[PDB]
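Novice: What follows is work_6.cif; its format and atoms are mmCIF, N, CA, C and O atoms.
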data_run
loop_
_atom_site.label_atom_id
_atom_site.label_comp_id
_atom_site.auth_asym_id
_atom_site.auth_seq_id
_atom_site.Cartn_x
_atom_site.Cartn_y
_atom_site.Cartn_z
N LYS A 61 -26.37 -132.07 15.66
CA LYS A 61 -26.67 -130.91 14.77
C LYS A 61 -26.55 -131.35 13.31
O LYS A 61 -25.50 -131.79 12.87
N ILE A 62 -27.60 -131.23 12.55
CA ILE A 62 -27.54 -131.65 11.12
C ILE A 62 -27.46 -130.41 10.22
O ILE A 62 -28.12 -129.42 10.45
N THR A 63 -26.65 -130.47 9.20
CA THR A 63 -26.52 -129.31 8.27
C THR A 63 -26.82 -129.78 6.85
O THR A 63 -26.14 -130.63 6.31
N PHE A 64 -27.84 -129.24 6.24
CA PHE A 64 -28.19 -129.67 4.86
C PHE A 64 -27.63 -128.66 3.85
O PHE A 64 -27.81 -127.47 4.00
N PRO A 65 -26.97 -129.11 2.80
CA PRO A 65 -26.43 -128.20 1.75
C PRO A 65 -27.45 -127.14 1.32
O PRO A 65 -28.64 -127.30 1.51
N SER A 66 -26.99 -126.06 0.75
CA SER A 66 -27.92 -124.99 0.31
C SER A 66 -28.79 -125.48 -0.85
O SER A 66 -29.64 -124.76 -1.33
N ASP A 67 -28.57 -126.68 -1.32
CA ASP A 67 -29.39 -127.19 -2.46
C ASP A 67 -30.12 -128.48 -2.07
O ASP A 67 -30.68 -129.16 -2.90
N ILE A 68 -30.11 -128.83 -0.81
CA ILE A 68 -30.80 -130.09 -0.37
C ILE A 68 -31.99 -129.75 0.53
O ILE A 68 -31.86 -129.05 1.52
N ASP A 69 -33.14 -130.26 0.20
CA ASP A 69 -34.35 -130.01 1.02
C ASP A 69 -34.46 -131.11 2.09
O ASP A 69 -34.22 -132.27 1.81
N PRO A 70 -34.81 -130.76 3.31
CA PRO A 70 -34.93 -131.76 4.41
C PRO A 70 -36.08 -132.76 4.21
O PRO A 70 -35.96 -133.93 4.51
N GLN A 71 -37.19 -132.31 3.69
CA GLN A 71 -38.34 -133.23 3.47
C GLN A 71 -38.05 -134.14 2.27
O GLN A 71 -38.45 -135.29 2.25
N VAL A 72 -37.35 -133.66 1.28
CA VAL A 72 -37.05 -134.53 0.11
C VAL A 72 -35.83 -135.39 0.44
O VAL A 72 -35.61 -136.43 -0.15
N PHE A 73 -35.03 -134.95 1.37
CA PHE A 73 -33.82 -135.72 1.76
C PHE A 73 -34.21 -136.93 2.61
O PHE A 73 -33.89 -138.06 2.29
N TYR A 74 -34.90 -136.71 3.69
CA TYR A 74 -35.31 -137.85 4.56
C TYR A 74 -36.15 -138.84 3.75
O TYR A 74 -36.33 -139.97 4.14
N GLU A 75 -36.65 -138.42 2.62
CA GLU A 75 -37.47 -139.35 1.79
C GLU A 75 -36.55 -140.30 1.02
O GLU A 75 -37.00 -141.18 0.31
N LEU A 76 -35.26 -140.12 1.15
CA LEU A 76 -34.31 -141.00 0.42
C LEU A 76 -33.94 -142.21 1.30
O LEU A 76 -33.94 -142.11 2.51
N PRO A 77 -33.62 -143.33 0.70
CA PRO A 77 -33.22 -144.55 1.47
C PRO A 77 -32.10 -144.26 2.46
O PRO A 77 -31.35 -143.31 2.31
N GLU A 78 -31.96 -145.07 3.47
CA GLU A 78 -30.88 -144.85 4.48
C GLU A 78 -29.51 -144.94 3.80
O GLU A 78 -28.67 -144.08 3.96
N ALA A 79 -29.26 -145.99 3.05
CA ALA A 79 -27.94 -146.12 2.38
C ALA A 79 -27.62 -144.83 1.63
O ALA A 79 -26.48 -144.41 1.55
N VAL A 80 -28.62 -144.19 1.09
CA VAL A 80 -28.38 -142.91 0.36
C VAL A 80 -28.19 -141.79 1.39
O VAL A 80 -27.40 -140.89 1.21
N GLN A 81 -28.91 -141.87 2.47
CA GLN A 81 -28.79 -140.84 3.54
C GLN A 81 -27.37 -140.88 4.12
O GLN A 81 -26.71 -139.87 4.22
N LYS A 82 -26.91 -142.04 4.50
CA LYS A 82 -25.54 -142.15 5.08
C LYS A 82 -24.50 -141.67 4.07
O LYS A 82 -23.64 -140.88 4.39
N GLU A 83 -24.55 -142.16 2.86
CA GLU A 83 -23.55 -141.73 1.85
C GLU A 83 -23.62 -140.21 1.66
O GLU A 83 -22.61 -139.55 1.51
N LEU A 84 -24.79 -139.65 1.68
CA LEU A 84 -24.90 -138.17 1.50
C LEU A 84 -24.44 -137.47 2.78
O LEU A 84 -23.80 -136.44 2.74
N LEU A 85 -24.73 -138.03 3.93
CA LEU A 85 -24.28 -137.38 5.19
C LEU A 85 -22.76 -137.52 5.29
O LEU A 85 -22.07 -136.61 5.72
N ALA A 86 -22.23 -138.64 4.89
CA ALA A 86 -20.76 -138.83 4.95
C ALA A 86 -20.09 -137.81 4.02
O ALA A 86 -19.02 -137.32 4.29
N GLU A 87 -20.74 -137.48 2.94
CA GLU A 87 -20.16 -136.47 2.01
C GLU A 87 -20.32 -135.09 2.64
O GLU A 87 -19.47 -134.23 2.50
N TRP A 88 -21.39 -134.87 3.35
CA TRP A 88 -21.59 -133.56 4.02
C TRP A 88 -20.56 -133.42 5.14
O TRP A 88 -20.09 -132.34 5.44
N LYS A 89 -20.21 -134.52 5.75
CA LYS A 89 -19.21 -134.48 6.85
C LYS A 89 -17.82 -134.22 6.26
O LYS A 89 -17.01 -133.51 6.84
N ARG A 90 -17.52 -134.79 5.12
CA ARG A 90 -16.17 -134.56 4.52
C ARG A 90 -16.02 -133.06 4.23
O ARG A 90 -15.01 -132.46 4.52
N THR A 91 -17.03 -132.46 3.66
CA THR A 91 -16.94 -131.00 3.37
C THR A 91 -17.33 -130.23 4.63
O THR A 91 -16.71 -129.24 4.99
N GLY A 92 -18.34 -130.68 5.32
CA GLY A 92 -18.78 -130.00 6.57
C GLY A 92 -20.12 -129.29 6.33
O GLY A 92 -20.67 -128.68 7.22
#
Just dump the structure as structure tokens.

Specialist:
Amino acid sequence: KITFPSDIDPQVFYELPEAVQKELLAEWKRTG
């Protein structure tokens, strides 16, 4: 189950490099 912040778009997010995806997902996991 993936949860994108209320200010992050899924099409503009997946367009980001993986290293950026993991760091952003790891931050989403810390907050939830």

Novice: As a PyMOL selection string, please: every residue in chain A that DSSP puts in alpha helix (DSSP H).

Specialist: chain A and resi 70-73+78-91

Novice: Can you measure CA of residue 71 in chain A to CA of residue 89 in chain A for me? One decimal in Å is fine.

Specialist: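 Here the two named atoms are 19.5 Å from each other.
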
Novice: So how many Å separate atom O of residue 80 in chain A and atom C of residue 68 in chain A, to one decimal?

Specialist: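 These atoms are spaced 12.1 Å apart.
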
Novice: Mind giving me the straight-line distance from atom C of residue 73 in chain A to atom O of residue 90 in chain A in Å, one decimal?

Specialist: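 Atom O of residue 90 in chain A lies at a distance of 19.8 Å from atom C of residue 73 in chain A.
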
Novice: Just say which residues the PyMOL selection byres ((chain A and resi 63) around 8) picks in this file, as a list in words.

Specialist: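 Applied to this file, the PyMOL selection byres ((chain A and resi 63) around 8) returns residues 61, 62, 64, 65, 66, 68, 84, 85, 88, 89 and 92 of chain A.
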
Novice: What are the centre and the three edge lengths of an axis-aligned box that wraps all atoms of range 88-91 of chain A in the file, given that 5 Å is added to every side, written as lines of an AutoDock Vina configuration file and rounded to one decimal in Å?

Specialist:
center_x = -18.3
center_y = -132.1
center_z = 5.1
size_x = 16.6
size_y = 15.6
size_z = 13.5
